[PDB]
$ cat structure_17.txt   # compact mmCIF, C-alpha atoms
# COMPACT_ATOMS: atom_id res chain seq x y z
CA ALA A 1 189.35 121.01 -8.15
CA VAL A 2 191.46 118.27 -6.70
CA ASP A 3 193.90 119.40 -4.03
CA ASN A 4 197.06 117.39 -4.59
CA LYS A 5 199.40 117.82 -1.61
CA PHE A 6 202.01 115.16 -2.54
CA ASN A 7 202.82 114.58 1.11
CA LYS A 8 203.94 110.99 0.65
CA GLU A 9 205.85 111.69 -2.56
CA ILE A 10 207.73 114.63 -1.19
CA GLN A 11 208.65 112.98 2.07
CA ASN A 12 209.86 109.84 0.28
CA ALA A 13 211.97 111.82 -2.14
CA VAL A 14 213.50 113.83 0.72
CA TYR A 15 214.35 110.74 2.75
CA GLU A 16 215.93 108.96 -0.22
CA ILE A 17 217.88 112.04 -1.37
CA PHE A 18 219.44 112.42 2.10
CA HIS A 19 220.62 108.86 1.97
CA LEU A 20 222.46 109.28 -1.37
CA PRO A 21 225.98 109.60 -0.02
CA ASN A 22 227.73 110.89 -3.15
CA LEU A 23 225.71 114.05 -3.70
CA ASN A 24 227.21 117.40 -2.83
CA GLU A 25 225.48 120.04 -0.78
CA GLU A 26 224.75 122.22 -3.77
CA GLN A 27 223.01 119.35 -5.53
CA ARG A 28 220.78 118.67 -2.52
CA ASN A 29 219.91 122.34 -2.33
CA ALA A 30 218.97 122.43 -6.01
CA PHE A 31 216.79 119.32 -5.77
CA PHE A 32 214.99 120.57 -2.63
CA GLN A 33 214.33 123.96 -4.22
CA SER A 34 212.89 122.38 -7.38
CA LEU A 35 210.72 120.04 -5.25
CA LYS A 36 209.36 122.89 -3.13
CA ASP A 37 208.49 124.88 -6.27
CA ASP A 38 206.91 121.95 -8.18
CA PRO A 39 206.10 119.04 -5.91
CA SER A 40 204.43 117.22 -8.74
CA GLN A 41 207.93 116.43 -10.14
CA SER A 42 209.22 114.37 -7.19
CA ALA A 43 209.79 111.24 -9.32
CA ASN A 44 211.76 113.14 -11.96
CA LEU A 45 213.92 114.75 -9.32
CA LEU A 46 214.56 111.56 -7.40
CA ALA A 47 215.51 109.72 -10.57
CA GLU A 48 217.99 112.48 -11.45
CA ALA A 49 219.41 112.48 -7.96
CA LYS A 50 219.95 108.73 -8.07
CA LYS A 51 221.66 108.98 -11.42
CA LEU A 52 224.04 111.70 -10.18
CA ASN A 53 224.70 109.75 -6.98
CA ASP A 54 225.77 106.80 -9.04
CA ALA A 55 227.88 108.85 -11.46
CA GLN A 56 229.71 110.32 -8.47
CA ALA A 57 230.39 107.04 -6.72
CA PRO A 58 234.12 106.64 -6.09
CA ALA B 1 210.09 140.69 1.67
CA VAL B 2 213.08 138.80 3.03
CA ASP B 3 214.16 135.47 1.60
CA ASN B 4 215.37 133.62 4.69
CA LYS B 5 217.29 130.97 2.67
CA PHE B 6 215.44 128.31 4.61
CA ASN B 7 215.78 125.92 1.65
CA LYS B 8 219.52 125.70 2.43
CA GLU B 9 218.80 125.37 6.16
CA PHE B 10 216.45 122.45 5.49
CA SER B 11 219.22 120.73 3.54
CA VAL B 12 221.87 121.16 6.19
CA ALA B 13 219.71 120.31 9.19
CA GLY B 14 218.01 117.39 7.48
CA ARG B 15 221.31 115.76 6.74
CA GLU B 16 222.34 116.02 10.36
CA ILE B 17 219.10 114.39 11.46
CA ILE B 18 219.37 111.44 9.13
CA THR B 19 222.97 110.78 10.28
CA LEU B 20 221.91 110.29 13.93
CA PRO B 21 222.45 106.54 14.34
CA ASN B 22 220.05 105.87 17.24
CA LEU B 23 216.94 107.36 15.79
CA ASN B 24 214.46 104.93 14.27
CA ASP B 25 212.90 105.25 10.82
CA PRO B 26 209.61 106.88 11.85
CA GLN B 27 211.35 109.27 14.21
CA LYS B 28 213.68 110.56 11.46
CA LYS B 29 210.71 110.83 9.06
CA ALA B 30 208.61 112.76 11.62
CA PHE B 31 211.48 115.20 12.16
CA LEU B 32 211.93 115.71 8.44
CA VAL B 33 208.25 116.47 7.78
CA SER B 34 208.29 119.09 10.56
CA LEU B 35 211.48 120.55 9.11
CA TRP B 36 210.09 120.69 5.60
CA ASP B 37 206.90 122.33 6.79
CA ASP B 38 208.61 124.95 8.98
CA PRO B 39 212.37 125.29 8.35
CA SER B 40 212.45 128.26 10.70
CA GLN B 41 212.38 125.63 13.47
CA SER B 42 215.54 123.87 12.27
CA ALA B 43 217.65 124.57 15.35
CA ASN B 44 214.88 123.45 17.72
CA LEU B 45 214.22 120.31 15.70
CA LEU B 46 217.90 119.40 15.43
CA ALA B 47 218.36 119.89 19.19
CA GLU B 48 215.37 117.69 19.95
CA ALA B 49 216.57 115.01 17.54
CA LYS B 50 220.10 115.07 19.07
CA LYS B 51 218.76 114.75 22.61
CA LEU B 52 216.55 111.85 21.51
CA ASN B 53 219.42 110.13 19.68
CA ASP B 54 221.88 110.63 22.57
CA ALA B 55 219.24 109.22 24.93
CA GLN B 56 218.53 106.13 22.76
CA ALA B 57 222.19 105.22 22.58
CA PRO B 58 222.94 101.53 23.20
$ encode --input "structure_17.txt" --output "structure tokens"
Amino acid sequence: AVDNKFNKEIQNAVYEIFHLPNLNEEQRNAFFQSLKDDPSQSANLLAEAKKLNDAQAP
Amino acid sequence: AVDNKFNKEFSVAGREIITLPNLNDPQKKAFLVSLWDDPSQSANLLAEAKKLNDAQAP
């Protein structure tokens, strides 16, 4: 029984998501809720966040 | 069993922390880990981060 805490992965995804300047507040809240519920999916969530950030660039 | 909506508080307070220009990279990351781990402490953490930022001003 391996205890995977994902400390590095979570903290990296959080820091990067906060720096994506084109996300809205609702989007950040959705990503953080999904990460808290399933921290194994940090890479999926960060990739999606980056894609939305870029789609919402002025 | 109250849901304290601390996911939304993490999002709002975290953004404020990362927008403090005079904090360094490990300082902002230390604040964010504490916030993620205990979002009930958001106001205390934000206050501490603001005082630290305002004090490290050029």
$ atom_distance --input "structure_17.txt" --atom1 "atom CA of residue B:58" --atom2 "atom CA of residue B:10"
28.2 Å
$ residues_around --input "structure_17.txt" --residues "residue B:41" --least-positions-apart "6" --cutoff "12 Å" --atoms "all atoms listed in the file" --output "PyMOL selection string"
chain B and resi 6+9-10+13-14+31-35+47-48
$ interface_residues --input "structure_17.txt" --of "chain B" --to "chain A" --cutoff "9 Å" --atoms "all atoms listed in the file" --output "list in words"
residues 7, 8, 10, 11, 12, 14, 15, 18, 19, 28, 29, 32, 33 and 36 of chain B
$ residues_around --input "structure_17.txt" --residues "stretch 40-51 of chain A" --least-positions-apart "2" --cutoff "8 Å" --atoms "all atoms listed in the file" --output "ChimeraX atom specification"
/A:6,9-10,13,16-17,20,23,31,34-35,38,53-55
$ atom_distance --input "structure_17.txt" --atom1 "atom CA of residue A:21" --atom2 "atom CA of residue A:5"
27.9 Å
$ closest_residue --input "structure_17.txt" --among "B:20, B:25, B:30, B:44" --to "residue B:57" --atoms "all atoms listed in the file"
B:20
$ atom_distance --input "structure_17.txt" --atom1 "atom CA of residue A:52" --atom2 "atom CA of residue A:22"
8.0 Å
$ closest_residue --input "structure_17.txt" --among "B:27, B:22, B:4, B:40" --to "residue B:53" --atoms "all atoms listed in the file"
B:22
$ decode --input "structure_17.txt" --residues "stretch 38-57 of chain A" --atoms "N, CA and C atoms" --output "PDB file, in the first residue's frame"
ATOM      1  N   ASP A  38      -9.376  14.587  -6.546  1.00  0.00           N
ATOM      2  CA  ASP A  38      -8.550  13.582  -7.202  1.00  0.00           C
ATOM      3  C   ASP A  38      -7.196  14.154  -7.505  1.00  0.00           C
ATOM      4  N   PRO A  39      -6.303  14.123  -6.535  1.00  0.00           N
ATOM      5  CA  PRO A  39      -4.993  14.786  -6.776  1.00  0.00           C
ATOM      6  C   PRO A  39      -4.127  14.012  -7.722  1.00  0.00           C
ATOM      7  N   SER A  40      -4.524  12.804  -8.068  1.00  0.00           N
ATOM      8  CA  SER A  40      -3.743  12.081  -9.060  1.00  0.00           C
ATOM      9  C   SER A  40      -3.875  12.670 -10.442  1.00  0.00           C
ATOM     10  N   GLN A  41      -4.848  13.572 -10.691  1.00  0.00           N
ATOM     11  CA  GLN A  41      -5.117  14.117 -12.028  1.00  0.00           C
ATOM     12  C   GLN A  41      -4.538  15.536 -12.228  1.00  0.00           C
ATOM     13  N   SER A  42      -3.542  15.919 -11.442  1.00  0.00           N
ATOM     14  CA  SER A  42      -2.958  17.233 -11.582  1.00  0.00           C
ATOM     15  C   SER A  42      -2.499  17.568 -12.993  1.00  0.00           C
ATOM     16  N   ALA A  43      -1.842  16.649 -13.689  1.00  0.00           N
ATOM     17  CA  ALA A  43      -1.374  16.928 -15.045  1.00  0.00           C
ATOM     18  C   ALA A  43      -2.508  17.150 -16.027  1.00  0.00           C
ATOM     19  N   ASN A  44      -3.569  16.368 -15.938  1.00  0.00           N
ATOM     20  CA  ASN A  44      -4.730  16.566 -16.791  1.00  0.00           C
ATOM     21  C   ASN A  44      -5.304  17.952 -16.541  1.00  0.00           C
ATOM     22  N   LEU A  45      -5.447  18.314 -15.307  1.00  0.00           N
ATOM     23  CA  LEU A  45      -6.092  19.575 -14.967  1.00  0.00           C
ATOM     24  C   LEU A  45      -5.239  20.757 -15.365  1.00  0.00           C
ATOM     25  N   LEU A  46      -3.927  20.653 -15.159  1.00  0.00           N
ATOM     26  CA  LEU A  46      -3.075  21.759 -15.575  1.00  0.00           C
ATOM     27  C   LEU A  46      -3.056  21.914 -17.092  1.00  0.00           C
ATOM     28  N   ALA A  47      -3.042  20.795 -17.811  1.00  0.00           N
ATOM     29  CA  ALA A  47      -3.083  20.911 -19.265  1.00  0.00           C
ATOM     30  C   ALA A  47      -4.354  21.586 -19.753  1.00  0.00           C
ATOM     31  N   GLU A  48      -5.485  21.243 -19.146  1.00  0.00           N
ATOM     32  CA  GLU A  48      -6.761  21.867 -19.504  1.00  0.00           C
ATOM     33  C   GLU A  48      -6.760  23.330 -19.167  1.00  0.00           C
ATOM     34  N   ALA A  49      -6.229  23.669 -18.030  1.00  0.00           N
ATOM     35  CA  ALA A  49      -6.171  25.069 -17.612  1.00  0.00           C
ATOM     36  C   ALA A  49      -5.319  25.888 -18.574  1.00  0.00           C
ATOM     37  N   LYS A  50      -4.195  25.335 -19.000  1.00  0.00           N
ATOM     38  CA  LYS A  50      -3.351  26.050 -19.943  1.00  0.00           C
ATOM     39  C   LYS A  50      -4.054  26.235 -21.269  1.00  0.00           C
ATOM     40  N   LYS A  51      -4.748  25.227 -21.730  1.00  0.00           N
ATOM     41  CA  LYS A  51      -5.478  25.333 -22.972  1.00  0.00           C
ATOM     42  C   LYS A  51      -6.568  26.412 -22.896  1.00  0.00           C
ATOM     43  N   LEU A  52      -7.327  26.469 -21.798  1.00  0.00           N
ATOM     44  CA  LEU A  52      -8.349  27.492 -21.652  1.00  0.00           C
ATOM     45  C   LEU A  52      -7.715  28.862 -21.535  1.00  0.00           C
ATOM     46  N   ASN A  53      -6.609  28.973 -20.800  1.00  0.00           N
ATOM     47  CA  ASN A  53      -5.914  30.255 -20.687  1.00  0.00           C
ATOM     48  C   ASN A  53      -5.548  30.775 -22.043  1.00  0.00           C
ATOM     49  N   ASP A  54      -5.088  29.884 -22.898  1.00  0.00           N
ATOM     50  CA  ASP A  54      -4.661  30.343 -24.222  1.00  0.00           C
ATOM     51  C   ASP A  54      -5.833  30.672 -25.135  1.00  0.00           C
ATOM     52  N   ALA A  55      -6.921  29.918 -25.031  1.00  0.00           N
ATOM     53  CA  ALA A  55      -8.135  30.207 -25.784  1.00  0.00           C
ATOM     54  C   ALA A  55      -8.762  31.502 -25.377  1.00  0.00           C
ATOM     55  N   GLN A  56      -8.486  31.985 -24.181  1.00  0.00           N
ATOM     56  CA  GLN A  56      -9.113  33.190 -23.645  1.00  0.00           C
ATOM     57  C   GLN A  56      -8.146  34.370 -23.646  1.00  0.00           C
ATOM     58  N   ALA A  57      -7.030  34.212 -24.314  1.00  0.00           N
ATOM     59  CA  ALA A  57      -6.093  35.317 -24.448  1.00  0.00           C
ATOM     60  C   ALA A  57      -6.696  36.381 -25.353  1.00  0.00           C
TER      61      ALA A  57
END
